K.L.:
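Before anything else, here's the structure in question.
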Amino acid sequence: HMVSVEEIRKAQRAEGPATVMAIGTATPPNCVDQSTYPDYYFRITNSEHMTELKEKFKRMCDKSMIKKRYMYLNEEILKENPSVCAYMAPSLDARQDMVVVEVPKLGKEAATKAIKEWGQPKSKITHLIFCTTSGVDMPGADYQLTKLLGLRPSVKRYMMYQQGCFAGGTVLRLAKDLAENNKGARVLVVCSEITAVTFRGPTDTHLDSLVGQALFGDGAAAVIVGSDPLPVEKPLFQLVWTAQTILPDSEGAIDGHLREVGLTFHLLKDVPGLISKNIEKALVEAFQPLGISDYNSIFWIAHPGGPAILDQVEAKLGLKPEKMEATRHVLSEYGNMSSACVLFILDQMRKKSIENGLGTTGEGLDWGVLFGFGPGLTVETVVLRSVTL
Amino acid sequence: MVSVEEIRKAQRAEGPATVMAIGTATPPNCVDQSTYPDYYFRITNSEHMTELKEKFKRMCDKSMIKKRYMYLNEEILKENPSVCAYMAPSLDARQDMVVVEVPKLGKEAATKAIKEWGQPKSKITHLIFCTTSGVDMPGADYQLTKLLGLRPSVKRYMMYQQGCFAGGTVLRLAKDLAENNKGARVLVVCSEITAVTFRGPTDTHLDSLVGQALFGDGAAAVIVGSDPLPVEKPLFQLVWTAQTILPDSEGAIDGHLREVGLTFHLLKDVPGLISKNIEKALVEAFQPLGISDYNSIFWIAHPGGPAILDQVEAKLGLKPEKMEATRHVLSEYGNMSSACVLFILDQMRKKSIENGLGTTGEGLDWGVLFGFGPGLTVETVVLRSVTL
Ligand SMILES: O=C1C[C@@H](c2ccc(O)cc2)Oc2cc(O)cc(O)c21
Ligand SMILES: O=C1C[C@@H](c2ccc(O)cc2)Oc2cc(O)cc(O)c21
C-alpha cells in the first residue's frame, strides 16, 4: 500500500475547536505603589529639580487608574546601571543583559503554573509560542524556556519578538490554528514582558515617553491550548473566530524603535478616538454571523492600553459599566503588561466567575470577545465561548 | 442556532498546503568572492593585518561561493565608519538601513510571487514576514502590507531575529494557516540584509570572520494555499514538518543584538553535529512514508557553509547530484540565512523545467527541505513534487 498526501492529511488533523485548558500568571516580586511613584521616579532618575515636569507626571499617574505595578527593576539594579536612569545614555547592552535572562525566567514561572493546572505530563506539549516585546537573542526565549522546563527537544516553537500590545490576541490566533490542524497537539503559549527595555529618565520634550513611565508594568501569562479535550482535561474557553486589522488614518499612532538607548515609545493622533471610532465595525464582523448585536450580552476582555481607550469604547457602544470590570481590575492591580494583559484578564474573569458562583467561566454568559490593541494601529479580535461551571 | 462545532466544520480547508508561487530578489551590488579579501580589507582600512588577510583569503577560497549581493557598498561604508569598525557602537546606523531596506527587498520578491500566482492580491488572507536583520514596531510585516496594498485585515505573523533555520519555520507555519482555513492564501516573505552583521576583521574572533566570507543578502516569497483553483498552478505540496534541538549542541551558534550590531559566535563542530543527527531526522520524516533510500528523494538543505553539505553527503552517501541545486544557490548568492532554502526550491523547479524532467522535484516524487541554525535547531519539511 502506497501512502498518499491526502491519506496523511486526513489522519493528521484534529476534529474540534481549539480549547483553553489552563492559564497561569507571574510577576516580578518588587511591587511599586502608583501613589508614591512620581517621588520615587524623579529621585532615582536625578530629576527632582524638574518640579513642573514632576507635576505633569503626578497628573498622568493620578489619571492612570493604576494602583500598583510589578517591576523587575528596583533601586539596587538602577544604582548598578546609571545609563538606564538617564533620558538617552547608551544603555541597550545593560538592558539586553537583564531581559535575555529575566524574560524566559518569568515565562517559566507562568508556564509551570499553567502546566500544574492542566494536570498532564509536560512531555505531551507539542508546540510552544513565546511572545515578548522585551529584548531579542539567538537562540531565542523559546529555546531558553524549552531548556528551563525540560520540554521535548522536538517541541515545535514559534518565537514572537518585538510584537507590542496587540500580541496577546496574536498568540491565541496562532495557537488556534496549531491546535486545530494537528491531532493530539497541545500548545503552550507564553507572553512575558519586562519594562527594563523601556524605563528611562524624564524630559519636557517627549511627554509621550513620559506617559509610558506611568502605565507599563511587568508580567507573564501562559495558557495551554488544544483540540479534542481528554476526559481528564478541564476546558475553560473555546477559541471560535479571529481577525487582525489596521485602522484607517492611524499611521504612526504608536511607534517603538530599538536603539542604542533601548526601546523608545512614540505617540501621535488620538488612540482612544481611533479605537472607539472603529470598534463597532470589528464587533459586527465578529458577531453578525453569530446573530449577536447586543454587546452587553457578551463577556469583554479588552487590552487596557490606558483608561481613556476603555472609557471611550464603553461610551461609544453604551456598555454597562460592569462589562469592563475584569479589564479595569487588571489595569488597577498590574498596569499595562503589553502582550500578557489580556491573558491576566481571562484568568481574572474565570476567577471572579468561580468566586461569585456564576454559571460559566465568562461571568455567566456564553459568548465573549477579546481585543488586542497596539502598533499599526492594529486591532486583534478573538471570539470566545465560555464553559459551564 | 449557530454552534462552534458547525462553525469549525465550515471554516476549515480540505486539502494539503500547496506552494503555488516562488519569487526572489537581491540588492543590485554584486560582490565577486575572488576579489572580496582585497575589497573587505581595504574598505575596513585593515590592509596592515597581512597574516589575517591570508587567513581570510583561505576562508573565501574554501567557501564555494562565487558571488554575493549586498545592500552595503563603498559609499554607504564611507558614510558609516562605525559599521566598518570590528566593534564600535553602530546599531542605530544599522537599524536606519535595515528597517527600510528589509521590507523594500521583501516587496520586490513578493510582487514576483504574486505575478506568478496570477490571482488578485486582495485574495491574500495571511502574511508571514521573516528576517534576522533589524527589528521595529510596527514590524516589517506592517511595512510590507502598506507597500503591497494588501487588505488592512490581512492576518500577519512577524518572525524577527529568527536565524538560518527559519526558511523551514515559515513553511511549517504556512502549512497550518493554509490547511485550517478555507480559502486562505498565505504570502510568505523572508528578507535578509547583512548590514546588521557586517563588521571589520580581528584575529581574536575567527568565527566572526567566517560570517564575513559566507553571509549574503536576498529575499524570497512563496504563496501557500489548500484546495487550489483550476487557474492556480501547484509547484510542491507540504506534507509533514518537524523542528528539533540537537543533543550536545548548546552554544554551537549564538547571535546577540548589541550596541555594535548583531554578533555571531561559533562553538563546537556544527557540520559534525548536523551530520551525526541527520539520519535520525530522515527516519522520523520518511519511515512512515515507507522511504529509506535518501538518494531516491529530492534535497533542499540550508547551505550554512560548504562543510555542512560535504559532511552530510559523506555521512549518508548522497550521490553528487543530490546537493546540486543547494550548491548552485550557495555559489551564486552565498548564505542568505532564512531566504536560502526558498531560493533553492525555486532553483530546483527552474532546472527541472530547463532539463525537461517529469516533476518540479528533478523528476522525483518526494523531497526533504532542511533548515539549520541556532539551537542547534534543525527544521525538516517533507515535500511532494508536481508533474510537469
Ligand atoms: O516602548 C514600549 C514598551 C513595551 C513594554 C511594555 C511592558 C513591558 O513589561 C515591557 C515592554 O511595550 C510597548 C508597546 C508598544 O505598543 C509600543 C512601545 O513603544 C512599547
Ligand atoms: O549575525 C548573523 C547575521 C545574520 C544574517 C545573515 C544573512 C543576512 O543577509 C542578514 C543577516 O544571520 C545569522 C544567522 C545565525 O544563525 C547567527 C548569526 O549570528 C547571524
Side-chain angles (χ1 to χ4, degrees), chain A residues 27-28 69-70 72-73 99 103 106 132-135 138-139 162-167 191-200 208-209 212 215-220 253-258 262-267 271 303 305 334-341 372-378, chain B residues 26-27 68-69 71 98 102 105 131-134 137-138 161-166 190-199 207-208 211 214-219 252-257 261-266 270 302 304 333-340 372-377:
Chain A
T27 55
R69 291 176 286 165
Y70 294 92
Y72 165 79
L73 279 178
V99 300
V103 157
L106 190 67
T132 191
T133 315
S134 315
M138 314 167 78
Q162 205 67 57
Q163 305 284 307
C165 299
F166 58 80
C191 296
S192 182
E193 299 287 16
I194 301 289
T195 57
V197 283
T198 198
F199 181 94
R200 71 190 58 266
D208 56 347
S209 181
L215 296 177
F216 291 134
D218 294 6
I254 309 160
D255 288 351
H257 312 303
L258 190 65
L263 183 61
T264 67
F265 165 72
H266 306 268
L267 293 187
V271 168
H303 174 72
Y334 296 101
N336 178 343
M337 295 172 291
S338 185
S339 66
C341 288
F373 306 129
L377 212 169
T378 299
Chain B
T26 55
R68 289 178 287 165
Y69 300 89
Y71 168 80
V98 294
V102 165
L105 191 65
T131 187
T132 315
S133 305
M137 320 174 78
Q161 207 67 50
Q162 290 294 303
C164 291
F165 57 80
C190 297
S191 179
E192 304 285 14
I193 302 284
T194 57
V196 78
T197 197
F198 183 92
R199 69 184 61 262
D207 51 350
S208 172
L214 295 187
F215 289 138
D217 300 359
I253 312 162
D254 290 352
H256 310 304
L257 189 66
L262 182 59
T263 63
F264 160 74
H265 306 276
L266 301 181
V270 166
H302 175 69
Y333 296 103
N335 178 347
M336 298 176 292
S337 180
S338 72
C340 213
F372 310 124
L376 203 172
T377 296

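Whatever order the structure lists them in is the order used to number ligands and atoms, beginning at 1. Each chain gets a letter, A, B and so on, in the order its sequence line appears, and its residues count up from 1. Values reported hereafter were calculated over all heavy atoms of this structure, with side chains retained and with hydrogens, waters and symmetry mates removed.
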K.L.:
Any atoms of ligand 1 less than 4.0 Å from a non-hydrogen atom of A:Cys165? List them with their elements.
P.N.:
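The atoms of ligand 1 under 4.0 Å from a heavy atom of A:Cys165 are 14 (C), 16 (O).
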K.L.:
Could a heavy atom of A:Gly217 be found less than 4.0 Å from some atom of ligand 1?
P.N.:
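True for this residue.
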K.L.:
By number and element, which atoms of ligand 2 are closer than 4.0 Å to a non-hydrogen atom of B:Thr197?
P.N.:
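In order of numbering, the contacting atoms are 1 (O), 2 (C), 3 (C).
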K.L.:
Do any nitrogen or oxygen atoms of A:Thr133 come within less than 3.5 Å of a nitrogen or oxygen of ligand 1?
P.N.:
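The answer is no, given that A:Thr133 and ligand 1 share no N or O pair closer than 3.5 Å.
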K.L.:
With atoms numbered from 1 as shown, which atoms in ligand 1 lie under 4.0 angstrom from a non-hydrogen atom of A:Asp255?
P.N.:
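Going through ligand 1 atom by atom, the ones under 4.0 Å from A:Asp255 are 19 (O).
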K.L.:
Within a distance under 4.0 Å of any heavy atom of B:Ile253, pick out the atoms of ligand 2 and give their elements.
P.N.:
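Once the distances to B:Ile253 are compared, the set is 16 (O), 17 (C).
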K.L.:
Answer yes if the side chains of B:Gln162 and B:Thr132 hold a donor-acceptor pair under 3.5 Å, and no otherwise.
P.N.:
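Not at all, the side chains of B:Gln162 and B:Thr132 share no donor-acceptor pair under 3.5 Å.
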K.L.:
Regarding ligand 1, does A:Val197 bring an N or O atom to under 3.5 Å of one of the ligand's N or O atoms?
P.N.:
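No; every N/O pair is 3.5 Å or more apart.
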K.L.:
Would you say B:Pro374 touches ligand 2, if touching means a heavy atom closer than 4.0 Å?
P.N.:
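A heavy atom of B:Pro374 does come that close to ligand 2.
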K.L.:
Using a 4.0 Å cutoff against the non-hydrogen atoms of B:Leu262, which atoms of ligand 2 qualify?
P.N.:
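Going through ligand 2 atom by atom, the ones under 4.0 Å from B:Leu262 are 1 (O), 2 (C), 3 (C).
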K.L.:
For A:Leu106, does its backbone N or O pair with a side-chain atom of A:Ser192 as donor and acceptor, under 3.5 Å?
P.N.:
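Not confirmed, A:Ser192 side chain does not pair with A:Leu106 backbone.
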K.L.:
Would you check whether B:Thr131 reaches within less than 4.0 Å of ligand 2, judged by its heavy atoms?
P.N.:
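Per 4.0 Å heavy-atom rule, B:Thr131 does not contact ligand 2.
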K.L.:
What residue among A:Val99, A:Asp218, A:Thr132 forms side chain to side chain contact (heavy atoms under 4.5 Å, CB included) with A:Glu193?
P.N.:
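Answer to the side chain to side chain contact (heavy atoms under 4.5 Å, CB included) test with A:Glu193 among A:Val99, A:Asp218, A:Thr132: A:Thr132.
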K.L.:
Just jot down the ligand 2 atoms closer than 4.0 angstrom to any heavy atom of B:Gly255, in number order.
P.N.:
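Selected atoms, number and element: 19 (O).
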K.L.:
Are the side chains of B:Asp254 and B:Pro374 in contact, using a 4.5 Å heavy-atom criterion?
P.N.:
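B:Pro374 vs B:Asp254: side chains apart.
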K.L.:
May I ask you to identify, for B:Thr194, whether its side chain, its backbone, both or neither come under 4.0 Å of ligand 2 on a heavy-atom basis?
P.N.:
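Contact part for B:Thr194 vs ligand 2: both backbone and side chain.
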K.L.:
Do A:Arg200 side-chain atoms and A:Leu263 backbone N/O form a donor-acceptor pair below 3.5 Å?
P.N.:
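Present.
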K.L.:
Is there a heavy atom in A:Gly374 that sits closer than 4.0 Å to ligand 1?
P.N.:
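Not so, A:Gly374 does not reach ligand 1.
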K.L.:
Give the numbers and elements of all ligand 2 atoms closer than 4.0 Å to a heavy atom of B:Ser133.
P.N.:
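Per the distance check, 10 (C), 11 (C).
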K.L.:
Relative to ligand 2, is B:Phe264 under 4.0 angstrom through side chain, backbone, both or neither, heavy atoms considered?
P.N.:
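Both backbone and side chain.
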K.L.:
Any side-chain heavy-atom pair from B:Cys340 and B:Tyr333 closer than 4.5 angstrom?
P.N.:
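Heavy-atom side-chain distance check fails, nothing below 4.5 Å.
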K.L.:
Would you name the heavy atoms of A:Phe373 and A:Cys165 that are closest together and state the gap between them?
P.N.:
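Shortest heavy-atom contact: O-CB, 3.1 Å.
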K.L.:
Looking at B:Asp217, which atoms of ligand 2 are within less than 4.0 Å of one of its heavy atoms?
P.N.:
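In order of number, 9 (O).
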K.L.:
For the ring pair B:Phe198 and B:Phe215, is the centre-to-centre distance below 6.0 Å?
P.N.:
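That pair fails the under 6.0 Å test.
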K.L.:
Looking at side-chain heavy atoms only, is the closest gap between B:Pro27 and B:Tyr69 below 4.5 Å?
P.N.:
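A side-chain contact exists here, since the closest heavy-atom pair is under 4.5 Å.
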K.L.:
Does some side-chain heavy atom of B:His302 sit less than 4.5 Å from a side-chain heavy atom of B:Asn335?
P.N.:
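Heavy-atom side-chain distance check passes, below 4.5 Å.
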